[PDB]
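Heads up, the chain below is alone and in the form deposited in one PDB entry; it's given as structure tokens.
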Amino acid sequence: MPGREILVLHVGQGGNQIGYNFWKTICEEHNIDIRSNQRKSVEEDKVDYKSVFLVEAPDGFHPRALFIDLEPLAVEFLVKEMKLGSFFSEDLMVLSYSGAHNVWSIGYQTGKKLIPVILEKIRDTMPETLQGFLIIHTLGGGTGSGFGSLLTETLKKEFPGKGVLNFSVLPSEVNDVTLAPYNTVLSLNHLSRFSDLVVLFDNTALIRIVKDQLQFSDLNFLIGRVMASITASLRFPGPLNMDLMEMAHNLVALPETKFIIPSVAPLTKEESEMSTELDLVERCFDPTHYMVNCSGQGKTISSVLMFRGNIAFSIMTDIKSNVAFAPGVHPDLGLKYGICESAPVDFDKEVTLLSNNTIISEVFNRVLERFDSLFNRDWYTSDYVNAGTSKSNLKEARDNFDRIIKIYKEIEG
């Protein structure tokens, strides 16, 4: 069935390593074996939107994806360590071997020399009904931050009629590299201008959720499961079946409030049996299960909830009451939910929540403080200016980043 095709772009080491469990989950949920490119079993549901993310070739199924990196480390993990070279094939790879050295500026400039090849691969291989792009990358490093920002800017300019969606991973607040605040602010500034929707993931939060319920390749593994769950409304029929622009409209009230906090429940099969339906819905609105490190509840501007599996009104009334919404949103509005018949392969039921919440200003404020604690003392700036990002550029991106925090702060009250 032609239509609603999406091209996924993995940029940087973290973004490509996430692609393993992201594409394995999507393959398994669509009755597809990622190791052989073929269907798992004869059991096939009569309606299935596999073509949204998967290309059907005569030999089998392949991901509609490009794997872009300035070093071959993450690609070697996919092909050599995981032995999935027939799925992550060489025709979908755009690689250099110079590296970004964890500097946003280096990934932006060096990635420009790969832009012509990427744009030609898109126009040569993508269908005309392609609805948009999904960019998966981290913000703390150099490639995923800089090259990812470059790709977000390039795809919006070259394809104005198509949506650009970002799944962006935030650095660890307490245990991450020195240059992470600079790269994060630079990336978030670029995404606010050229992205249609930015779904944020924070390594600080994912570590918290796993420990409190109870191996780096186990974090990106768990991020892929969540990223796949967020795209479920794009891949299955139901009351919440959306496309890229519908997903954006239902959350972006103002053009600047495009940063989304996702939450999912359950996260481990030990919690799956240990939890009922509303246990998962209450945990989705609980800031402990937010994919970004939040301290409080926060005001909800717009949110989209989804049930998956066998769930079978009573859920909404008691929950919508206890949820703090932004001033001026309607009491009958601000929250949309629905049931999806498809379920994750590991859990009998699952609840996902995408929330445009004002508490993201608190998350962005901590990023700004770490940025200022280094920038006000001219620390670690020497290699950004040698790569084409002046000290004045770091400030302008910072001030533009602060304007975003204030917009969310005004909507809160």
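Quick note: we count residues from 1 along the sequence shown, nothing fancier. In this text, the rigid core denotes the largest set of C-alpha atoms whose superposition between the two forms falls within 1.5 Å.
Unmodelled stretch separating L214 from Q215: 4 to 9 residues (count of deposited-sequence residues without coordinates). Counting the deposited residues that fall between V174 and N175 and carry no coordinates gives zero. Averaged over CA atoms, B-factors in the entry run higher in 217 to 225 than in the other of 217 to 225 and 194 to 202. When 257 to 265 is weighed against 118 to 126, 118 to 126 comes out higher, by mean CA B-factor as recorded in the entry. Highest C-alpha temperature factor among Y108, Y182, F307, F167 per the entry: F307. Looking at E76, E153, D332, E71, the one whose CA carries the top B-factor in the deposited record is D332. Annotation for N31: CA B-factor lies in the middle third of the chain's modelled residues. Ranked by Cα temperature factor within the chain, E362 sits in the lowest third according to the deposited record. When the modelled residues of the chain are ordered by C-alpha B-factor, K349 sits in the highest third. When the modelled residues of the chain are ordered by C-alpha B-factor, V292 sits in the lowest third. Among all modelled residues in this chain, the alpha-carbon of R283 has a temperature factor (C-alpha) in the highest third.
Just so you know, the form deposited in another entry exists too; it's not on screen, but the next bit is about it.
No residue in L234, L84, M126, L114 other than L234 shows a CA shift of 2 angstroms or more between the shown form and the other one after fitting the rigid core. With the core held fixed between the shown form and the other one, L280 has its Cα displaced by at least 2 Å. Taking the rigid core as fixed, one finds a CA shift for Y337 of 2 Å or more between the shown form and the other one. When the rigid core is held fixed, the Cα atom of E28 travels less than 2 angstroms between the shown form and the other one. With a change of no less than 3 Å, the CA-CA distance between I339 and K162 is smaller in the other form than in the form shown.
Between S233 and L254, the Cα spacing is larger in the other form than in the shown form, differing by no less than 3 Å.
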